[PDB]
Amino acid sequence: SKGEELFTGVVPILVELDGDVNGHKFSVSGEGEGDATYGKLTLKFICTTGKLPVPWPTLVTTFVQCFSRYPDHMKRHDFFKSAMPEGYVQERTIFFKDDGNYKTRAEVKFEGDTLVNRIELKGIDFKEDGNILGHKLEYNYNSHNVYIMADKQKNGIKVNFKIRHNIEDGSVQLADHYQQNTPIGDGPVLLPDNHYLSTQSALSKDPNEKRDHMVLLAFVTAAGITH
Amino acid sequence: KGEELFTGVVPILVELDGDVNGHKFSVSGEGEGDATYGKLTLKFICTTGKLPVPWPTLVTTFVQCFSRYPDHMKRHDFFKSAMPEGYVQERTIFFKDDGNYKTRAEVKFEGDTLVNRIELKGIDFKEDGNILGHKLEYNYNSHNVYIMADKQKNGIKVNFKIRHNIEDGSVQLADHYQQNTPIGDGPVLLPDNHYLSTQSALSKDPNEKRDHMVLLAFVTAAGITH
Amino acid sequence: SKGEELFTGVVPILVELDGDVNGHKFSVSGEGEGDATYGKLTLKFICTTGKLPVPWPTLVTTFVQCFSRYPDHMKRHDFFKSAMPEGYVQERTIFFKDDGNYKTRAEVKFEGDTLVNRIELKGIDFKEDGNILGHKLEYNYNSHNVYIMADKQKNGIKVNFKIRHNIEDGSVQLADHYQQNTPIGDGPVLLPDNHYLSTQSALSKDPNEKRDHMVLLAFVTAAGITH
Amino acid sequence: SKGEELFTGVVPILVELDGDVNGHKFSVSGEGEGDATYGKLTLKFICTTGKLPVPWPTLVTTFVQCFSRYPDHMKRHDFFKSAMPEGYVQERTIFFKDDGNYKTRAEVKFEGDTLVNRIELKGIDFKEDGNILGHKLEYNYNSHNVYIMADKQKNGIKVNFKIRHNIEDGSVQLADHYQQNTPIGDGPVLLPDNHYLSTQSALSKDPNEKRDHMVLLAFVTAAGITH
Amino acid sequence: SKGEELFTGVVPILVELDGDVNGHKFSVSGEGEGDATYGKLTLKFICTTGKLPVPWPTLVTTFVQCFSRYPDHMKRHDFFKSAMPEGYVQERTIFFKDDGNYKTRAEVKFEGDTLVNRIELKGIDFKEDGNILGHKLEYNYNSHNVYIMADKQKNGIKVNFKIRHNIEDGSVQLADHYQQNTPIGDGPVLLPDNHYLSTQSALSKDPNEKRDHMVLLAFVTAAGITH
Amino acid sequence: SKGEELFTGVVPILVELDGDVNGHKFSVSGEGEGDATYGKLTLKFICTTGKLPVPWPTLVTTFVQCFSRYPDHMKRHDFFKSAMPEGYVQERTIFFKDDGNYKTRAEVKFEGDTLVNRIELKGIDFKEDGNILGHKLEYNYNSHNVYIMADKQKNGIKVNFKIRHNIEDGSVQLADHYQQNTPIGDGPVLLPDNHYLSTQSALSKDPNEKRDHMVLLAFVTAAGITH
Amino acid sequence: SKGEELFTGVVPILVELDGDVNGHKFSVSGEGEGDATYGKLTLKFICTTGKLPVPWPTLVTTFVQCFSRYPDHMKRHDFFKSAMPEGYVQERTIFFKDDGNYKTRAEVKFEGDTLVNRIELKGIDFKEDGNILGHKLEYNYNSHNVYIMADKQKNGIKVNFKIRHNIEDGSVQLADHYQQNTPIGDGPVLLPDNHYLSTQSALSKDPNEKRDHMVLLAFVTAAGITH
Amino acid sequence: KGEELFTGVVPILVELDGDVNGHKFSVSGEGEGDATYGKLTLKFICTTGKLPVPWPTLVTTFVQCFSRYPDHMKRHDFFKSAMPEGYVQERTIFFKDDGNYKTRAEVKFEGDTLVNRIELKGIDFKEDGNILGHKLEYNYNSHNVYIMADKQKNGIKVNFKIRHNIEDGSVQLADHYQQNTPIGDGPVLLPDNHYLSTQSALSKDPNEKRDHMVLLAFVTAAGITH
């Protein structure tokens, strides 16, 4: 696609999130860069309002699937880059099993040469000492498959997957992700055949950062089509 | 529990009553399945005369309980978990730039036989199109079948898109929208997202005079390592 | 390659095997056809000397990897078809764990319009009541991955895999295959990057056939490369 | 295996390399940690002798496959951890297409609580303005599959793969790796069935480091067995 | 060992070599017999492709150490016979000082009643008028000690020695041999304590043979252990 | 060599060892003299920290192969003396079968008129009541051959032998020695052809010595070369 | 010695024996060549009077120790070459245990460019169906050490050794050799320190020889002195 | 049988009465031997004052039963086979360009002690020579000792040549002609030809005031593999 050509090199990224979970308001700013040729993202996030009222790992999926590596044989199935530079709207509901949910709306688009992800997040019905508000999630992340299908009627895609968050007591907290993406602009986009994205994420800390933060490195690669 | 019913070879019966643009037909099928290998062998006969649509368009309609689920994925096999009482399988199949089939099937054990009984209604097909005009080649491609849980119906939703090769080198797409729900009250396994990789071989019985199809299938689950 | 073009349609196949296992001599003829477009083979084999003295499943791998389906994005890695029409020599040693071995040499080439596989097999050091000579293998077949690497110095490939043959008592008999393929002709061939073939095999009987025989249907598909 | 238990949490790593390429002597020290539960490694390497005389990417593979993530259903095929704590010797020849070669010998073993990789490297026959000694490689890294087979007769494994190194003009420099691994200790070790490791590597710089160095983050996951 | 029994009398030997030195292709066939009771071998070799492109003495070591005489008090240290009848793989690099090198791989095993040595040889980097390709070696052969050590970690032995080849001007061409031997079979084999083989070789011609050939008589005796 | 001339008479020797075996720290000082003309050494060792925590015989090989007698016809093969006065580094790993290992590093060099051997030894993975830490070795010593080969790439030698330590119950404890020696200085050294040293060692006690000590007399003679 | 220089190349040999054992008269002629540089002899012997009345192996020692290889460090101890060209007289008594004896006198000397060994042999007191006259010796030969000492009073040497002749029933026939050698000429000869000669002999047949004969290849090397 | 007497450490006593060119002297020696290692430790004292010849000339005179015979050569150990009753050892030792020693010794067990009692007569030595002039260095070379059977005396003959280094860099040779015969009537082992490899270390006791020699010896049989 024409939007594909915008990602042949390193692209700076900005992320902005305004959140409210059970009435706890917070903001996070992020910055870094992405290199879609390698399916690679590096980002640092800072909670600019103080301490984050939810565990950092619960927000990883919310904080730019346009950086996925689509192998050459699958390039016609990359909806995300096709919607650029005008961008897309990404909406999710994230159901934490036996706990509350996040609802998010994001616009992902170029502002000049920068890929910007601007998100509003609302979380409701969390338990005060559940795994989320009780901060019982480990600072780690598993690998996942993200399943994509076309939604022709909305000129976009429907995406579903279930994140497994490790708990400090050896158990797992599930987070079921229902997602839809729709183009912001009116130009042609690529609607894909069913496929998935294989994801890997490394969470870390900046040793010289005193603010509540998260350093994130991700690799994402599309797979599942040979026709 | 339902798993135990598939450790060996299981006989299969298939019965389809169809109506496509008013053309009424019936097909009977028989054979056997071996879920240990994800393998099916089936022979289908049109008992009403000539089949008014191409045999390949009906392959998906004519028992995903015979899929091989490798040991590490056994908690994700909905299809067997619903046995012996069975499941209802419903689809809409949209043929791009042409009509659609709508199917409803019950798949369950009748005695020691796994039986697939189907009703099929096809509408809005073009008389000159790929389907009624019989322009599909007698072959079949390999596909991935994507499965998700539908927790509120206590079943699954399934989606995939069949690519049917046309006699001129083009491809006719058949977009499948599928739902399966248990017939009985027993517990079933609701899976994490995954897919089935499918391969199908179509052939003819050289001594069969009636309009028919011999089908061999291999189906294997994949996509989960957690 | 140019050889690739010989496989765009249905191609007739002939197979001829001259065998000697522990001194028991036998011959098998096979015929059928292959459709590389779908990675599909259909063959029927007859023991023309009487009872086959080894189990049919032990000979499946011996009885035309040129019929593998290579997806379009892997087509420069198909050695097998690139060697045609002149063909290739396929040599194996097959080590049956805790038992004897087969050594095979085969020429696979076009003879007119027909792909012909002519094989000589010698088996030695088999146990008179082990799984092979005691006919304790079930008449079935598992799915395998066949690992392929280039062997530049021999202008061919090196291939390795281990067949799992189910035994009648619920155990498995392994058969470790060491394989080499080298072109017969002097024309250039395609030497592949590392990849594998995913194989499925269905064994059955012809209800009209009174001789000792095996009907085989195979699907074979290359995978493992996206660069 | 028993060795597997040594890798359930974060394990400190030290790396020491003594190298000589076309008579250019150099030493690199590395340190960091691995979390085999996630198939994740984080390492920083410093050339302690001055400027590295070869490109940092050509040394990535030389600089602890015991940190690979083996999924539960493949844990019987993890040779690397089963050899611990006594370790294994890893030997390679790396052939750079149209250029010279590296030969390496490394001992990877626990020394106290730390997993130590001590390497000797000798490179010969490099072109003085080839892609390697002329520093023409990009500071980036592709994803690869690493193919592993047992070599029971030699009490170890054989490993083969071909690194694709991106070159500054858009071409690729191939680096064909021939690798053998052998236990150091006498205890029982697992010899695997054929499989592969899927690798991803992120190279970066430490903004506070004035010496010649490389920061490396890797993810490695085992795949290819369902039996 | 059990294999030792196979060598109590005269054993027929066949040797086949396929070689390529600096691109010069050649084949040699050999035949004769060994009497390990006396540490004695008698062999005749013929170059079946015409003139041998290297001197016959440089191939003496390549052309069945299972015929060595081990005195009664050292019979626990005879790896070579203990690997029979299934055999061993013998791999060498032979470095000719100031010239090129041979790399060989050979399987030495019984095929029926005959001990067969099947070899592939590749030589590279030879000087076109060096001592080897310029045929400057005398048709004679010195006595040598062949030093054997166990390599238990690799299920075999390591062997090293340096042949002194007399040159037509009175000097000597050194040929440094690095050798590894590994059992082919899975049964138990003897791994020896350190010792050596004392070798003597007599080269001659068959007065009735018009082709390029070598007649070889060898005596080999194990020594160096009294514990 | 020039170093050879430093050994024509009686030379004073000093030995200093800093040891740690399973965390038990200890130190040994030795003194005496060597007469390389006769291949003879006389040394007395004292544990200056109290009781030696390992048996004295296990340290014999650790406590100056420059005193070996090389017959006149083998004098160009004496690496040890050729490295003097600047000296050589001697490193070993000594593997006690079914028990732990010693790793040693020693500098052997002239300090004024005295040949000094300074050693650091680290032992690990010893069994608390195995033959070593349980003091089950007899106070005696067998005769051994020490196998020497050149290691041209390290400008030194590689050495291997296996000590047989008699145990109090009539059994033997093996100690497999892997040894490397490399010159300290840059001057040329003599790199030998393969040969061995024949060693005899006599252990005794000084009847006037109350501390834990060992008196050692050694004879060492090179052999194996007549070319 | 001056006589040493006569043996630097290949020297033709003639042997003539007239024998009488228990009254059975026979003659043997032999011819071939020797290469003392390699300690190597090749000879063919024919019984010119018909069938040999004693086994061929009993005469091997009787049928030119001047062809021994004396290593450079032992050259002053080679009496045999020192007595040339005038030669020496070799006298033996050979006692066959539990049987008769041979007494021999030989002159070994140059006649022109040929080294000639002319022998008279008388055998007495053999049993008619002992191992010798009964022809119960196997056609093979073991390796031996030949022990040499000076006999100053006779200006020559005294030699002793005991040949082990294998019998067809698995036993051994001993032949105790008492030998003296004295110079024929009056020029200076080298009288040796005690040493020995290590011997190896291969007996064979000429396939195109119809007469009763023996083909003999020998290797002899002096050893035992390093001073 | 005699073999069994040497499996452990055995105490040794040596007594020599000598007369060299009329100079009478006596030496007593003691220590122990360990034939398992071929190893001897001995201390000798001249009890009559100064030894009138160099200590190194007497080393060979001052118990080859302590030689190590490796297991494969055990049928060739005459010396042990003659124990406990013992053997007579006689030698003539010819010092090149000088005099000779003639010795006769009995070597046998006396109780649990192996005792070597020797008579030594030396004649025709030069007063200014290497021996009486004391010009031999206090050291010793390694030698091979050649043994043959003497079937008709039911013993052995032994020959070798000692090289004694002189204070000026030259060497004094001492050619040994030796014969051993059993004292008792018991059977002995008559060996095939072989040799003993010898090493000797001479030293002084720093507290001993009398004229003396401390000797450590290693002796190993070799030369037979049949």
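Letters A, B, C, D, E, F, G and H name the chains as they come in the text, with residue numbers starting at 1 for each one.
Here, a contact is a pair of C-beta atoms (placed from the backbone, for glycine too) under 8 Å apart; a residue touches a chain by one contact, two chains touch by 3 or more.
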Legend entry - Listed chain pair E-F, E-G or A-D that repeats interface C-D [over half of contact pairs the same by residue number]: E-F
Inset, instruction - Go through G-H and E-H and name the pair with more C-beta contacts between its chains. - result: G-H
Inset, instruction - Determine the centre-to-centre distance between chain D and chain E, using the mean Cα coordinates as centres, and give it in whole Å. - result: 37
Inset, instruction - Report, in whole Å, the distance between the mean C-alpha point of chain A and the mean C-alpha point of chain C. - result: 47
Inset, instruction - Let me have the rounded angstrom distance from the C-alpha centre of chain A over to the C-alpha centre of chain F, please. - result: 64
Inset, instruction - Report the inter-chain centroid distance for chain F and chain H in whole angstrom, where each centroid is the mean of the CA atoms. - result: 31
Inset, instruction - Enumerate the residues of chain H that touch no fewer than two other chains. - result: 141, 226
Inset, instruction - Can you check the complex and tell me which residues of chain G touch chain E? - result: 35, 37-40, 42, 69, 140-143, 200, 202, 204, 217, 219, 221
Legend entry - Partner chain G, residues of chain H touching it in the complex: 141, 144, 146, 148, 159-161, 163, 192-193, 195, 223, 226
Inset, instruction - Please name which positions on chain A make contact with chain C in the complex. - result: 71-73, 226-227
Inset, instruction - Provide the residue numbers of chain D that touch chain E in the complex, in ascending order. - result: 89, 152-156, 182-184, 186
